[PDB]
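Secondary and tertiary structure notes
Listed below, chain by chain, are the residues.
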Amino acid sequence: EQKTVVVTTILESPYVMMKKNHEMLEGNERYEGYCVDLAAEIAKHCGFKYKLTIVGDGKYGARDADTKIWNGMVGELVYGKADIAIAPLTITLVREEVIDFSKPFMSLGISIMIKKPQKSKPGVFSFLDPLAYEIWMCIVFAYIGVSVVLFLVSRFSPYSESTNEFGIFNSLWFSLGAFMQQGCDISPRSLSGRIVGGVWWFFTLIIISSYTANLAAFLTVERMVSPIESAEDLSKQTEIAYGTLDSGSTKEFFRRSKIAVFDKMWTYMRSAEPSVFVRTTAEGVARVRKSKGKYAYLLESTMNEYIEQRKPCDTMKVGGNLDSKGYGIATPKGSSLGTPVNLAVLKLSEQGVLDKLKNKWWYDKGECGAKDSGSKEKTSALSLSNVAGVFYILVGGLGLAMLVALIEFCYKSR
Amino acid sequence: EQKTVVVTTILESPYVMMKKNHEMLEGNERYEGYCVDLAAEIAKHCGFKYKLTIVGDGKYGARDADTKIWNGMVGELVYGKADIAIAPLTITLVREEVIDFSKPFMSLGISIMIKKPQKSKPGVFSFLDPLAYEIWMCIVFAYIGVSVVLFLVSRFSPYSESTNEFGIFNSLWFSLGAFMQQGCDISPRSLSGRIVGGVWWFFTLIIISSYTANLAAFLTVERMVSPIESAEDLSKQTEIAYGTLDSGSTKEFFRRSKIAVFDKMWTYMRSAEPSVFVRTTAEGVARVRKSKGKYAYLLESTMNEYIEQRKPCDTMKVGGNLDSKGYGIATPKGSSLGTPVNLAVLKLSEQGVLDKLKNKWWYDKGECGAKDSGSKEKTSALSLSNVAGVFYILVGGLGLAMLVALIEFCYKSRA
Amino acid sequence: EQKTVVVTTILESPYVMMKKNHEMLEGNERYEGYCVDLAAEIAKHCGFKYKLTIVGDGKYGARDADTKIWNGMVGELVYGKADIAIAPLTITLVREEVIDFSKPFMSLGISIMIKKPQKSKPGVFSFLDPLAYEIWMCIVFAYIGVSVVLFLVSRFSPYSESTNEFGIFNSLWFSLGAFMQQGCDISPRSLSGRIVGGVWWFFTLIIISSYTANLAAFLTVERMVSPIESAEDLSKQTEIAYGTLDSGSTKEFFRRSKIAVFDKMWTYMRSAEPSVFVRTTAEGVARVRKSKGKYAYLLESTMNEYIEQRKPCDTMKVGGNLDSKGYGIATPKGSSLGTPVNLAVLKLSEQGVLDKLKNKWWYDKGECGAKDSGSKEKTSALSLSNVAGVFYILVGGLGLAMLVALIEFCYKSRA
Ligand SMILES: N[C@@H](CCC(=O)O)C(=O)O
Ligand SMILES: N[C@@H](CCC(=O)O)C(=O)O
Ligand SMILES: N[C@@H](CCC(=O)O)C(=O)O
């Protein structure tokens, strides 16, 4: 007889979600999600009827220490309360000891989440940004060199001669006025001087006309600064607390690791108080959102890559994956379901249905501007905050000139 | 006597419109339009009298919800309530099952309608726009301050007061000419004057070069991306609602087609709430116009163009035809007229009378279409109307100086 | 006794490579590589003695042309030539039906390889490219001409020869200073001098603004589109030939998949002539390298990432993975040997030893680390090495003038 197989699963977005008409609809229609579509495909390929059920406590869990009492979904499968589990259940060595897994239908790794740092205004002195620091060094050394060669060449006192007005202070003024592309009231009037001037006018031309080119795109830059980038530094500084899900594979992974960085992270997490762990994923996400970015959460990238799809998008991934693991369908040991389930999983992976469902349940429901923001239209006008830095040095120079004038006055008239 | 031909049709513009004197006229003269002319032509060719009517409930009609009853005009034909339909009845595979269609008399496709995103209107003084108002405000207090400091510091006790030319007015001129980068005829010689000159030159640079830069930034291109043609973007976002006419070929097309983008659009339309459908094309256009651009209506492209080639010309067509279909005269599969109507439509198509008729009711009134095609060229030369605001300032400042000279002369005369 | 396990594998780099002393070594020590380390780990876990071999004909193998005979590794395995295969054997549905696979020990996807389109580097004097080469040669004769005509016309009989300062050398200075737009000491006062000044100013205005312009034009953006990834430029056109490895999972994937782009690629590959297939990955890479960029090869991305890390690193990977697959240890169906091997692979995966070995054999020998990926940031600041050619000219001209002053002084002394 067509026995309805007792499926067991857990509510988690977007794998299993309660449809909004659950107050009126009845049966399986109340449940939709990626795992519901996968279960439908599997049942259709195997050709049997099924009844959905939900785990009694919502825990993935493991065997309790020193009692060996299995619980959660694993307890449900070991003790035969259900026939097959279809859920994001990570393959691990301890679970393979008692339950069989199909070949993995999706691959994922550990990922890290923080509250995003909002973009910031450009700095005060962003007008000198388009050119590197060494260029602003060499421009000053070139200015000094031309200034002093032009003095040395004139006023050489041949076989008194004083026709050359180019004292050191007027040669120094001439070189500056020439560089700023402003006029001047004197010219070298001699061949070696004309030679020295003509090269500096070339240098000038080539330099200015290569700095005025890109200046709009530089006064405004939008995005800068981030708190961390490699996510390794969370092992080195205690300014930001972090933790993991309870009764999850991730906690066992960090307990079991022997890499010094992960063992240090575990040693911190295993003794810091108040409790850094959470009972559910969304509680963790809300804690991160509220804690001003002072708290960071570790979760499988299969979740982070969805959390960033949904508004308000105040949180973003960092760093690369620490490892790689797979999800799988699970069955009681020795049950006849295992081999046709494995063949069905293979055939669905070969047909590309899994990718179609991945697009259906990840990218069709994204709304934040990360989906498309490449238009990058021109910024309108040019706000004063972008240019305010130019006025401060002006007023400081006006304030310095008066001081120099007054000290020169009181020095001379004494 | 022979039986007078009972013709049937639906009130639709500009195919069939109420004559302005409908409250006073009598007989067939109450109706005029494209299809009334076409009916007159077919009548003159075939030679029979005819009496017009209007369909009872204003629906093109289709097969009902699997009850296999046909509503509207198709039902009026099949069940013998009328003898011939003359209307924009779209040829479809299900309708050929029960009625005969002539060869098509016009060609059309599915198309989209949305609100037009305005038209650009530069100001007279648009050249002031690449810098914000408060820069043009603060730079004047900057100029005043630099001038009055340079005066305060130049004409200060040399110990010989006659030594230096930088009086107030020459400082006020020098700092102006220095800001315009148009050269000068004097330069300060005191150190305290030279530092205030050099700082003003440094300001001058950054500023006049950031104006030229941003100025150029604009004159590159100014366009609005809009939804891309083929309207595939309607499948990528929920920001814009859309719907179709109730009981129409377009609704059956969306229900039936297995093209994944169209199937997704159907899945949206068949699940979105509240109801997006409308009973008439007029209501569809109104729901476009009033919805602040958040709604789009899907309709036959030969009806789209009429909404835009005639006043108020406020919408914008987007995209091309998604398919190809035709209209046809249709008759019960129980009558002999299926041959002379075909021969008539072919004869009229070959004599070009259809083109004369189309250019009587669509484009003969092409008021808005003057230069309406535009261009995508990014190399258009500047027109004089972009610059006139500088010529007015030049002429006004000439008139101002040519006035001030007279009063200075009269003062010099009477003093 | 624990009977010696007959292991089998295929020569492939870096999974299994010949030891440098293979002409002198004996026993198992002739072979080293990633899979030899993995085999040693499994042997240390389960303790059995093992003897390595190499597959007889160098093929991964598949079911024959409907004759239902298996060649290559899977053939040697099923018919009992060998007891366990340790190689990059892709898990596939047709293979599961006859042999058993452990859980996958590595992840990979299909990827595309082409020749990298070389590079260009700025010259020392790259600042002179933005205009021309013949313009820089034909502007010196312009300068000489304007100079010598201005001299010819200025110092012409005023009837008083001493009236005008524009001797040869002052004309030669004036026209230079005028060209640089850096002002001047004096201006001509004769009409015939003023017209030649006024024309030179116009030439300057129309030339120096087109240099600055084109100069800017470049510094906007610099990138080469290259062949579009995701098999677009492979499916759009026949311009680039491509073909899979013979007797491999990729050929079966392209045959079987009903994705229209992939089906079109298969239709091309199954009809292009002459034969595009190759027997080894080395031949595939050679046919990429030598074909002047007109050929592409389709291989596992874990192979691609190794070729992009071997001398001289001339290829480029394009696009992401087209799919997802894994590798597995495989054993004859129903044999007891595999049940502890699945647990061994899980244990080694959890202890992270697979990551250690991957680093040891892909990255702990990354001598080819050119790291020439760069960035797409169009806001990069100018580096000093883009400008040094102007500083060398400045210093050389300073040195030249500082030399000429001494010989002028010595002449003035001795004359
Ligand atoms: N997939 C995990 C969820 C919790 C975790 O990643 O630690 C499990 O079944 O345990
Ligand atoms: N020709 C269409 C008119 C309505 C529409 O689909 O736009 C029909 O018969 O249904
Ligand atoms: N892993 C592949 C190697 C050849 C290929 O990638 O085409 C196979 O077993 O067929």
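Residues numbered from 1 in each chain as written, not as in the entry; some residues may be left out. Chains lettered and ligands numbered in written order. Heavy atoms only, no water. Residues with missing side-chain atoms left out of burial classes, pairs and counts.

- Per the deposited record, cryo-EM is how this structure was determined, to a resolution of 3.62 Å.

**Observations concerning the UniProt feature "transmembrane region" in chain A**
- Here the UniProt feature "transmembrane region" sits at residues 133-153, 191-211 and 387-407 of chain A.
- Its end C-alpha atoms 31 Å apart, residues 191-211 of chain A is made of 86% helix and 0% strand. (UniProt positions renumbered as here; feature names shortened; annotations may be inferred. Helix = DSSP H or I, 4+ residues; strand = E, 2+ residues; numbered from the N terminus.)

**Some words on the UniProt feature "disulfide bond" in chain A**
Residues and elements named next belong to chain A.
- Of the UniProt disulfides, the one joining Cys-313 and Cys-368 is satisfied here, as the sulfur distance of 2.0 Å falls under 2.5 Å. Taken together, the positions of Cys-313 in the loop between α11 (301-307) and β11 (315-318) and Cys-368 in the loop between α13 (353-362) and α14 (389-412) put the pair 55 residues apart, joining distant regions of the chain. Like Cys-368, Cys-313 is buried. (Disulfide = S-S within 2.5 Å. Buried < 20%, exposed > 50% of the residue type's maximum accessible area, 1.4 Å probe, protein only.)

**Structural notes on the UniProt feature "binding site: L-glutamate" in chain B**
Residue and element names in this part refer to chain B.
- With numbering matched to this structure, UniProt assigns "binding site: L-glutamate" to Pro-88, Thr-90, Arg-95, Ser-249, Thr-250 and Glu-300.
- Relative to the assigned elements, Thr-90 resides in the loop between β5 (84-85) and β6 (99-101).
- Every residue in contact with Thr-90, bar those within four places of it in the chain, is listed here: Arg-95, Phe-101, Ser-249, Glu-300, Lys-325, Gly-326 and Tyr-327.
- Assignment of secondary structure puts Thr-250 in helix α6 (residues 249-256).
- According to the relative accessible area criterion, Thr-250 is buried, its value standing at 11%.
- Apart from residues no more than four positions distant in its own chain, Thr-250 is found in contact with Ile-110 and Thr-244. (Contact = heavy atoms within 4.5 Å.)

**Details of the interface of chain A and chain B**
- Counting residues at the interface gives 35 residues for chain A and 44 residues for chain B.
- Among the secondary structure elements, those contributing two or more residues to the side of chain A that touches chain B are α5 (168-179) and α14 of chain A.
- If one sorts the elements of the side of chain A that touches chain B by residue count, α14(A) sits on top with 12 residues.
- Here the side of chain A that touches chain B is composed, by residue class, of 21 nonpolar, 8 polar and 6 charged. (Nonpolar A, V, L, I, M, F, W, Y, C, P; charged D, E, K, R; others polar.)

**Focus on the packing of aromatic side chains**
- On inspection of all chains with the given rule, the structure shows 50 aromatic pairs over all chains.
- On the numbers, 6.3 Å between centres and 75° between planes, the contact of A:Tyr15 with A:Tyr327 is edge-to-face. For the pair A:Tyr15 and A:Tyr327, one class covers both residues: buried.
- Seen from the ring of A:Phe253, A:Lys325 lies directly overhead, with NZ or CZ sitting 5.2 Å from the centre.
- Above the ring of C:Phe253, the side-chain terminus of C:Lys325 is found at 5.5 Å from the ring centroid. (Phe/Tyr/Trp six-rings, centres within 6.5 Å; stacked < 30°, edge-to-face > 60°. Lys NZ or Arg CZ within 6 Å of the ring centre and 35° of its normal.)

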